[PDB]
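1. Return a 3D structure for these sequence lines:
(chains A, B and C)
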Amino acid sequence: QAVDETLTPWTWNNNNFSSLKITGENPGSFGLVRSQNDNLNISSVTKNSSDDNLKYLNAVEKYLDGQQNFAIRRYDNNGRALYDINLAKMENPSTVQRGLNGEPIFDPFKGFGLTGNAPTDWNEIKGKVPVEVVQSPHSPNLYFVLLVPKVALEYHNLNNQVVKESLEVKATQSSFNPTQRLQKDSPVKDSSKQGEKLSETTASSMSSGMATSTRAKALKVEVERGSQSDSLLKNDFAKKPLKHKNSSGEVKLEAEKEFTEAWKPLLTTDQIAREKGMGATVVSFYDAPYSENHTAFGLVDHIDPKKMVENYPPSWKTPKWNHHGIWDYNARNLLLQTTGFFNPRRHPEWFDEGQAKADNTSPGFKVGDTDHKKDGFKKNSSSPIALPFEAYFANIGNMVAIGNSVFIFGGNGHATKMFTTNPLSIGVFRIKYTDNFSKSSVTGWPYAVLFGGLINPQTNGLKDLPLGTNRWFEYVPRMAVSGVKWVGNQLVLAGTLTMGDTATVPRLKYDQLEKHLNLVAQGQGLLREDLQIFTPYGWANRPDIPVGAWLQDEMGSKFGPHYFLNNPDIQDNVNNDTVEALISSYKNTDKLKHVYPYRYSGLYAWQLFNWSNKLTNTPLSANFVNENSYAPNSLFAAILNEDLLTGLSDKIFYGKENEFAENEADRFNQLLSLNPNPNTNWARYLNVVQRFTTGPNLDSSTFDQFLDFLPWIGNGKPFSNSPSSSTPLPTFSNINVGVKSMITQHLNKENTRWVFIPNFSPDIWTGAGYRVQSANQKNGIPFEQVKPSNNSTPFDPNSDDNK
Amino acid sequence: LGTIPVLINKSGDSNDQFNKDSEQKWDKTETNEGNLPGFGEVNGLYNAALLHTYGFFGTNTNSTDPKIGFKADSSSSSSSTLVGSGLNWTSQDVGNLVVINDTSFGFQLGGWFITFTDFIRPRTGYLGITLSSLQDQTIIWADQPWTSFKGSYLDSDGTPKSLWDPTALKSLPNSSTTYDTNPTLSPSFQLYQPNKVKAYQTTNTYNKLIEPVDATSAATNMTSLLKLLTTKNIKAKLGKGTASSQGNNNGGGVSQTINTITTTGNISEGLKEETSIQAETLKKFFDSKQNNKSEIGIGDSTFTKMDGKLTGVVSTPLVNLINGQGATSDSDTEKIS
Amino acid sequence: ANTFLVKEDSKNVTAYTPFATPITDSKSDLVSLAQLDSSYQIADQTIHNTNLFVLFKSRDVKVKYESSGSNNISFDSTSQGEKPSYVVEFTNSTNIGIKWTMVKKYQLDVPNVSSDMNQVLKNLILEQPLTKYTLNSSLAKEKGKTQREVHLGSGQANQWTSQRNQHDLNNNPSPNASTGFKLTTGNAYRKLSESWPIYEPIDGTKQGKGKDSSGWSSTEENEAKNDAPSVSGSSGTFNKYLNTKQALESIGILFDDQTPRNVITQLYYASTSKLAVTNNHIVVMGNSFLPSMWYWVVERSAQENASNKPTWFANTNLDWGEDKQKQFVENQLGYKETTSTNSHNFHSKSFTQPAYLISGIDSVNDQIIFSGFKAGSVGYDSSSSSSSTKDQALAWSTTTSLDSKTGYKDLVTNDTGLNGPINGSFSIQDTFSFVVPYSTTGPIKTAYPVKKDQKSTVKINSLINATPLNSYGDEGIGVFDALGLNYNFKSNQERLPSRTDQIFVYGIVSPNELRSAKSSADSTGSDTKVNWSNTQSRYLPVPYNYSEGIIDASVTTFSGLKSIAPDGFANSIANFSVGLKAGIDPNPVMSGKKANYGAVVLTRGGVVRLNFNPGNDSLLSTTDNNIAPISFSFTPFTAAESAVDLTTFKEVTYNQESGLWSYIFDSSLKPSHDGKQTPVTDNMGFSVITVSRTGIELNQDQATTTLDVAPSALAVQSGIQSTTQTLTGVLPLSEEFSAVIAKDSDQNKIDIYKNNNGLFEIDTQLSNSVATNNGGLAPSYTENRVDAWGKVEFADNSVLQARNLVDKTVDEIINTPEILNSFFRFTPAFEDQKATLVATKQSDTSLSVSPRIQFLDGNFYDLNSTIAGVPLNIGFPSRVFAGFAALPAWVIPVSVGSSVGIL
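-> Residues are numbered from 1 along each chain as shown, chains lettered A, B, ... in the order given. Let me share the structure:
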C-alpha cells in the first residue's frame, strides 16, 4: 500500500509514455516506475530445439516476476509521492461497489465502497505491466490503464537465436557476396507453345475515318463465360507463352528451398487470442488522493486480436490476389515479385507462419492449370493477413478518451522492431462503456478504411500523393504513431506513414533482369528500401500490357510496335494523319478489347502520374494501386472527427461490394464502384479525417528549395552549398545548375513568351547532365539522336513502318 | 533523418581512392569529368553534390580527405553500388506528440524536434513548419541512436523539451567474435547489389541514356565496396568510428527547441512572383539568410548537462520532475491553513 | 532597489528615496572606490541584477599611431598617459543603507592592428569633429572634377557618346556628374598621428586647408589665429574662421594647453563613452559626437587583470536590409583592383563600413540593441607628381532615379549610382531635377572615377567624415540629399532615398554574435570577420523645415543654404542622434507569447522607434517588401521638442510600470564660449522629453501575430523645464508625478510636477508638502492638515456603542477590514490617493489602528516602511479603540442558571 522508494520512473520505447497529468477536481500525476537492479540474465531461461515458443515465453514471464518489480504510483501537484500501486503485490484488491443506477458508492474522506473481491481474470492480469494511462473527459474520479506481458518491454533483451532478424547474417567462409541470395534469372518464350499469342485484327471498323498505313494492326483480347461448369469459352488475359528459366532447377518464389530456418512470430494471432495471459488488457479504475479507500478497480477488457483481424476487409483473406488479377499476377511472378498487395515475402510481420509462406502459390484463386479457359475462378485461401505478436504490440499504445469511450492508436513499433523487420500501427482499437458504466465492449479497425475519404482539398501541402483507394481496400496505410491529443477544441493525430510503393510503378522488359539486379532485389524483399531509383533504359512501354502481347518482336528488328524499351526520343508520332492506323478505329465491346501497335514512352513522373494510387477531388476514385511500402516514407498529421469516432458502431460490416470478381467474365466487365448493401455499414467509417498535413505549405520546385535550405545533422551544412571559380553545386534544386536557356524551341514552340514566366525571355536552368549542339545553340535539340536496335542500323525514319 | 544513400565506384582503400581535386569538374557538367552517374541514382536529387555535403571526399567532415566517391571513365567497363550516409536513424524513430497552445503542436523525430505551428489556422507567406536539430556528435554517430532518447514533454515556462543520455547506448547483437563480418545486420544496412556499366563517351556524354551490362559476376571486382556496405566501416574511414570522435565522455541532460515569435516562419518576400520562377526568388531570399536560419523557424536545439543517469520524467501542470526529483516547498502557499 | 541613483558630479553617485532625499552616507566617489586616480571620471553607468556597472575614462589618456612596426596603436607610457578606460562592477554590501564595494574591474585595451589594416591606417585621414557652432558653409567643400573630365579630360562632351563605352560608362547620361570634392580647402582632415585645429572655416569652399596639413601650419594657421584669437580676459573679427575650442572641450576633445591631442587619442576617448550589460557580456561603444572605429565585447568571465580587446567595425559586416545597400556603401569606400600598387583603402583590402556615429547602447533579455549614423567614408586620391582627381575625395550622390518602380525594396535596390557618379542636374522638357530621370541601346552603366590609364599608378586612400554625409560637394544635389528633398513625379510622390548619405543603422545583437566579435578582436595575425544578421539601415535626412529659402519652381548649395535650426546646432544638414534606450512593454501580451520590448532614440526633428519580435529576438518584419522594414518608425517633433538643445542630453531612463522613457537635458552642459568667443549665458536650466509608444503592438490577439504597420513612438516636451534652476536630478515617481531636485542659488530644492491630461505643471502646495521633511527622509505628517499623506480623521470611540460593534470580539473586528475602514475618513491630497488602517490587538478588550497611505510613487507607506533597509519613521498616528466584549457562547448555561436559581 504505502510508498516504496526502491522503484524509479522510466519511459517505454513504443509509446514514450511515463506519466499522466490528472485534471479537474483533484490534480496531480500518475507515472510508471520499475526496480533499479542490474545483471538481468534472461539467457539463463534455456530454450530446447524440440518445443514451441509458448512455454518459453511463460517461463520468461515467471522469471521476470522474480527478477524485477513494476508499479504506477500517484504524485501530488508538486511531484510528492502518495501511494505505491505495485499491481503484482498490492493488498486486498477489489472492484468498486455500485448503486442500482450503476453509479459507484463514494464519500471523499471514506473513499469508494469495495465489494471485497477482485475483478474477472485476476489470476492472469497480476503478471502484466501497465504501459499507458488516461482519464475520462465527462466522469469524475474515473481513469483507464493499458497493460501488456513484460516481454513487450524486454523483447530486445531476450536471447538472439529465438528473437532473430528476418534475414540471416551467414558465416561468410567463401568471402561475402550480396548476389548469392537473389533469385535473378529472366523468363523466356516456351519452346513448345509459341502459337497461343494474341491474334492480329484481320479487319478494323471504319468509324467514319479515312487514313491508312502499311504497319501491322492491333491485337485482340477476348473473355466470355460459355456454358461449361468450371471453364470460360474465352479468356485471353490468362495466356502464358512465357515460362521461367531452368538453372539447376526452375527459378521461382519457393520458400522451403531458400529459408532453411525460416523466421516466424513469437506467437500467432490465434494463440494470443486464447492464451489470455499473453494478450494486452485495458482496465477502468477509480482514484482519490486523500481518502481511506484511496484506489479500487472498475472493469477488465482484453484487447483481443480477433476483434481487429475479423474487421479486416474481405480482400485481406487473399493478400496474394488483387482486382487486376490474372495478367498482373503473371507479370509479377515472371519478374519474380510479390503477387497481390500484401504477401509475406516483403511483409512477414503480419503472417502467422512468417517467411515459411513467402511464395506466390495458391492465391485463393485457380491459376497455373493446362488451359487459359480453366484458370480464373475463386477457391479456398492458403494464407490470410493476421495480427501476430510483433505487429500486435506495434498496434498497442497511444491512448485517448472521448465521451463514454477510450482508444488505442498503436505505437511507433519500437516494442518489436528489428534491423530487417518493420512492425507498425495498422489501425485503432476502441473500448466503449454502457448501462452507466455497468458494462463494456471492445473493437478495432484498420487505417485502410478510416482514411478512405482523403481528397486533394483536405491538405495545404503538395497534391496527388500515393494515398488514394477504391472499392477494394488493397492500399494498406500503416504508421509509426507519435500520439493523439487535443489541440484546443480539435482532436489531432501525428506520426510517420506508409504511402503506396513508388519504387516499382515503372516495370521492366521481361529478359533484362541480369543487368538490373537492384531493381528486382528492391521488389524481392532482399533490399527493404522505399526510395525511387533512376532506371529508365530497361522499362517497358506501359506497366499494364498483358503477358500474351509481349512476344511480338523477340529480335527487336521492328522496335517492338506494340511493346518495346522506354526511350523518350523514339516514341511514335501521332501527328494527326497517323491516329487512324494506331488507335482511331479499334472500338471495344462487352467481350472484346485491344492492345495498340503504338510505341508509348515517358520518364518517372509520367509513370507515376498514370499508374500511382494518387489522391483526387472525390473519394474511392483510384483504380490503380501498385504495392505497399516496407517502412514509413511520409510525415503525417491530421484533424479527426471526435464526434464520428464516438458515433460509429462497434462492428464494421463489409459485403459482396468489397469482394474480388468470382470468375474472369465478371473481371472483364468489372464494376468500378457500388452503393452499400442494406445490411452493410463500411461506408460510414470513410470520413473520420477532416484535414491532413505532410510537410511545408510550398508549391512546385519551391519545395525542392526548402529541401536544399535545411542543414545535414552530420556536419551542420545546408544542401544548397552557397555559404562556401570551381565551387560545388546543390543537390535538390535546379537553380544555378548547368546554364540558363530559353524554352522557346521545346515541344509545341508556343505560349512560352507570355504564359510560363512573368517576363519576355522564357529562361529555365537546364540542370546537371544536358545535351546541346554548341554553347551558342543552347535552346532545344532536333531529332539527331536516332538510335540502333542492335548493330542493325538506326531507327529508320522515312521508312514505310514510320509513314 | 539524414539517411539518403549515395552511389560509389571508389573507397578510401589503397589504390581505390577518388579525389576532391584534379578528378571532379563542377564547371563542366557537359562531359564525363562532371561524374553524373546516369544510372542507379536516387530520384529528384544529384549524387556528387550529396557526396560533397556528406564530405565523403575533401576535408568537409573530417581533418583529412576520406577519398570515397564516384567517377565516370571512357577507357573501360565499370562497377558501382549504393552505400549508406554514415547515419543509423530511421523513420520509426518518432517520439511524443506535444501541444504548445490552442493551435501549435510538435514532436520528436530522431535528432530533430518538428512543429506544425500553422496547421489549424493557415496563412499566406508562411511555410507552416519549424525544426530544431540536436548537436551532440556522440549521439548522432551512435550505432542504435534512438535508444539514447529518454522522452519529450511540454514545460511550464512555455516550451517543449526532451531528455538524452550518451551512457544509454549498447553494442550490436554480436561483436563479430571469430570472423570478418562484412554484412553486419544493423538499422541502416541493406543487401545493395552490384550495378555494371559501359564506358562513358569522352564528349557529348549525356546525349543518350547510359547503358548497363550483366552484373551477375561483378562482385569480384569491388570487394572494398562490399566491406563499405556496413555503416561502422564508413564511420571508420570518416574518422568517427572510435574515441577520435571526442567531445563529452558522459554529458546526459536536457534539450530545448529554438525561441519563436509571430514573425517566425514569415517568408512573404520569398513567396509569390512578378519577374522570374518562384524557387529562384526563394533561393535569393535564402542566400542572404544562410547564417540566420532561426527567423525561418530552422536551427539547432539548445542543451544543458546534468549529473548522474537520466531514466525518465514525470509531469504536473506547474512543474516537471527528472528521475522523480525536483519538487519544492510551494513557498507562495505556506501561510494558508 | 526602492531608490534612484543620482550622479552628483564626475565621481560621486548618491542614492535618493522617492521623497527626493539622499540616503545618508550613500554618497560615494566611485572613481576612488575603483582604485582609479583623480584624472578618471564616470562616462556611463547601468544596473544589472541589482549591481552597478560603471564605465570610467581618463583626462590624462594619450594614444599614439606609429605606421611602421606592427603594435601600431599603443598608449603613451612616457610621462603619465598609460590610462586605459575601465568598466567596474560594484555590489551593495549592506542590507541597511548603501555601501558600494568593488567586485570586478575590466581594462579596455587598444585594438590589435593587422598588416592589412595598418596599410589602410597609414594613409587614413579624418575630418575635424562637428560642433554646436559648425555652419552649413563650414561643412561645404570645393566641387571636384566631372566624370567626363576624370576620363576623357580637358576636351569635350561632343565626344562623350563616342567614348563612354571605352571607359565602361555605356549609356551614362551624366558627363557632368560630380566625382566628389577637393581636400585643398575646408574642414581639416588629419591622420591618426596628427591633431585637429581649434579653428573651423566659416566658408570651407574658400577658408579651410582640408587635408593640406603642411599648408595649414606654415600659412593659413596664423590667419585663423589672428582672425579668431582664443579669449583672454582680446576680441577679434571672426570674418573667415570660428574658434570652437570650448565647444570642442564640451564634446570630450582633450588638450595639452591650447592644442588638441592626436586623432587616435580623441578616437579612443570617445570610443569608451556608453555601456550595456548582459548575463555574459559588457559591451562598450562611442558617443554621438566623434565617429568610433571599434567597440568592446568583454566576457564577464574575463580573468581579473586581463586586457579586453576591441572589435573593428571594418571587420563587422551588418545586414543593411538588402545586399545592394551594402554594395552601395562598400563601392564608395574606395577603388578595388588586383592591378594597382600601394593604393590601399578599406574597400581595396576587403573591409566594410569602418566608422559609426553611435546613438548609444542598451540590453533587453540577453540582447544588445544599438543604433547610429553611418559616418561618411570614401576614397581620396593622395597621388603626387598629372592625376586629374589629385587631392580630391571620390564621392557621388547615390539617390534613386525618378523612373524607379516605387515600393521600398525597389527604391533601395535601384541600380542608380551603384559603382560611380550618375547625379547632378537635368532639365527634361521644362521640369528641373538633380536625380537621373531613368535607370535604348542597352542598360545604364556606372563606373568608379579613376580613369583606366592611371588604374595601375593611382593612390586611392580612405578617409572618414565628422558627420553622416559621404558627399560635401557644393552642388544642389548635396543639399537635397541631406534635407530629404528629392521626390518622384508619379501619382504618389514617394521620396527618393540615398544609400550613402544620411544612413541610419540599428540592430539587435545575440550573445553568439558578441562571441564572434570577441573572436575578431583576439584573432592571431590576420583580420577575422563578424556577421551581425539582425541589423537594418535607413535613409534618415535632417528635416527641410530646419532651413529657409531653398529655390525651386543660382540653385541653393551648402555654402549658401540658410539654417533656422532650433535644436542647438548652427548647421541644418548633418543628422545627429542620442540616448538609445530599450524597454519591456508592461501591457500584457496573449499567453504563450513572450513580453514585447522596443527601443527609442532621438534624432534631429523626431523620435525613432526600433521594434523587435520577442519570439526569436529578431527585428519585426512583414511579408510584403513594398511596405518598408517595419523594425523602424519616425515620429516628427513639434515646435516644443524641436526647441530642445539635443547637445545638452544628460541621461535617459525607462520606467517599466509607466512604459515611458524620460529624456533629461541639462543646459549646464553648453560650452562656456561661442565660436566667436562670446560668453554663453543660456547655460541655466534643463528640460524633460517623455517618449511613449503609439500604434497596434505585436501579440494582442490572434490578429496581432501578423503586423503590416510598424509600431512607433511620440516625444512630448512634458512641461518639466527651467531656464533658471541648476538640475541635480529628475525622479519619475509615476505617470502622474515627477520630483525635480535643483539648486536656485546653492542649496537643493524639491519641486513636484503633476501630469494634467498629458502636460506636467508644478504643484506648489504638494512641493511645499513634500519638501517639509524636517531633515527626515520623508514628508512630515500633521494631523490637522491635508499634507503629502492626505488627511486622516478617526471616528470617536463612541462609534462602537452606536453601531453595536462592542458585542463582537476584537479578533472578528481585526479580520474585517471593511469594518475598520469605517474607523476613519480620509481626504486625499491628489485624486485617487488611497489609504487603509492596519489593526493591532492591544488587549482582550481593545485595539490600535495606524494608516497605510499611498505616496506620489503609487506605493503604500506605514510605521514599518524602509528604503534601502533604513526605517523612514514618517510619523503616522496610532489611534486606540476600546470596550469590546466576548461573543454570546454563554446564553444557554446562563438562562438555565437563572431558572435554577429562581427555582
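2. Checking residue C:165 next. Helix, strand or coil?
-> Following DSSP: H, G, I helix; E, B strand; the rest coil, residue C:165 is assigned to helix.
3. Could you give the number of residues near it?
-> When neighbours are counted by other C-beta atoms under 10 Å in any protein chain shown, residue C:165 registers 13. Quick note: C-beta positions are derived from backbone N, CA and C, even for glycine.
4. swap in residue C:238?
-> 18.
5. Can you tell me the closest non-neighbouring residue to it?
-> Nearest non-adjacent residue to residue C:238, counting by C-beta to C-beta, 6 or more residues apart in numbering or on different chains: residue C:676, 4.6 Å away.
6. Next up, the contacts around the one you found.
-> Listed by C-beta atoms under 8 Å, 6 or more residues apart in numbering or on different chains, the contact set of residue C:676 reads C:228, C:238, C:242-243.
7. of the residues you listed, closest to chain A?
-> Set against chain A, the nearest of the contacts of residue C:676 by C-beta to the nearest C-beta is residue C:242 (51.5 Å).
8. hmm, back to that, correct me if wrong, but the residue nearest to residue C:238 is in a strand.
-> No: under three-state DSSP, residue C:676 sits outside any strand and is assigned coil.
9. How about the secondary structure of residue C:297?
-> strand.
10. circling back: and the contacts of residue C:676, which of them are in helices?
-> Among the contacts of residue C:676, no residue falls in helices (DSSP state H).
11. In chain B, mark out all the helices, start to finish.
-> With helices called from DSSP H, chain B shows them at B:47-54, B:137-140, B:223-227, B:231-237, B:278-287.
12. looking at these, which is closest to residue A:677?
-> Closest to residue A:677 of these, according to C-beta to C-beta: helix B:278-287, at 49.1 Å.
13. chain center to the closest one, what's the gap?
-> Helix B:278-287 has its C-alpha centroid displaced from the chain centroid by 23 Å (C-alpha atoms, centre = their mean, to the nearest Å).
14. Could you measure from residue C:426 over to residue C:432?
-> Look at residue C:426 and residue C:432: by C-beta to C-beta, to the nearest Å, they are 7 Å apart.
15. now the residue most central in space within chain A, nearest residue through space, not along the chain?
-> Closest to where the C-alpha atoms of chain A average out (C-alpha atoms, centre = their mean) is residue A:628, at 3.9 Å. Distances taken as C-beta to C-beta, 6+ apart put residue A:476 closest to residue A:628, at 4.8 Å, once the chain neighbours are dropped.
16. Could you look up the SS state of the nearest residue to residue C:574 once chain neighbours are set aside?
-> Sequence neighbours aside, residue C:467 is the residue nearest to residue C:574 in space, at 3.9 Å (criterion: C-beta to C-beta, 6+ apart). Under three-state DSSP, the three-state class of residue C:467 is coil.
17. How about the one 10 residues further on?
-> When the structure is split into helix, strand and coil by three-state DSSP, residue C:477 lands in helix.
18. In contact with the residue nearest to residue A:628, which residues?
-> Contacts here follow C-beta under 8 Å, 6+ apart; on that basis residue A:476 touches A:341-342, A:426, A:446, A:448, A:498, A:628.
19. So for residue C:426 and residue C:432, which residue has more residues nearby?
-> Between residue C:426 and residue C:432, counting by other C-beta under 10 Å, residue C:426 is the more crowded of the two (17 against 13).
20. ok, that one to chain B distance?
-> Going from residue C:426 to chain B by C-beta to the nearest C-beta, to the nearest Å gives 28 Å.
21. Thought residue C:401 was touching that residue, still the case?
-> No: counting by C-beta atoms under 8 Å, residue C:426 does not reach residue C:401; the two are 10.0 Å apart.
22. what's the overlap in contacts for those two?
-> Common contact partners of residue C:426 and residue C:401 (C-beta under 8 Å, 6+ apart): C:435-437.
23. Relative to residue B:47, which of these is nearest.
-> Sorting the shared contacts of residue C:426 and residue C:401 by how near they are to residue B:47, with C-beta to C-beta, puts residue C:436 at the top with 49.4 Å.
24. Find the nearest non-adjacent residue to the closest one, please.
-> Spatial nearest neighbour of residue C:436, excluding adjacent residues (C-beta to C-beta, 6+ apart): residue C:401 at 4.4 Å.
25. Please tell me I have it right and that neighbour contacts residue C:437.
-> Yes: if you go by C-beta under 8 Å, residue C:401 and residue C:437 touch, sitting 6.6 Å apart.
26. These two: who's more crowded?
-> residue C:401 (22 against 15).
27. Could you confirm the more buried one falls within a helix?
-> No: if the criterion is three-state DSSP, then residue C:401 is coil and not within a helix.
28. so residue A:118, which of the three states?
-> coil.
29. one step back: of all the helices of chain B, which lies closest to residue A:282?
-> Ranking the helices of chain B by proximity to residue A:282 (C-beta to C-beta) places helix B:137-140 first, at 34.9 Å.
30. Against residue C:208, how distant is the residue nearest to residue A:628?
-> Counting by C-beta to C-beta, the gap from residue A:476 to residue C:208 is 87 Å.
31. circling back: for the residue nearest to the centre of chain A, list the residues it contacts.
-> A:341-342, A:346-347, A:475-476, A:498, A:500-501.
32. can you do 10 Å?
-> Residue A:628 sits next to A:319, A:338, A:341-342, A:346-347, A:448, A:466, A:474-478, A:498-501, A:613 when contact means C-beta atoms under 10 Å, 6 or more residues apart in numbering or on different chains.
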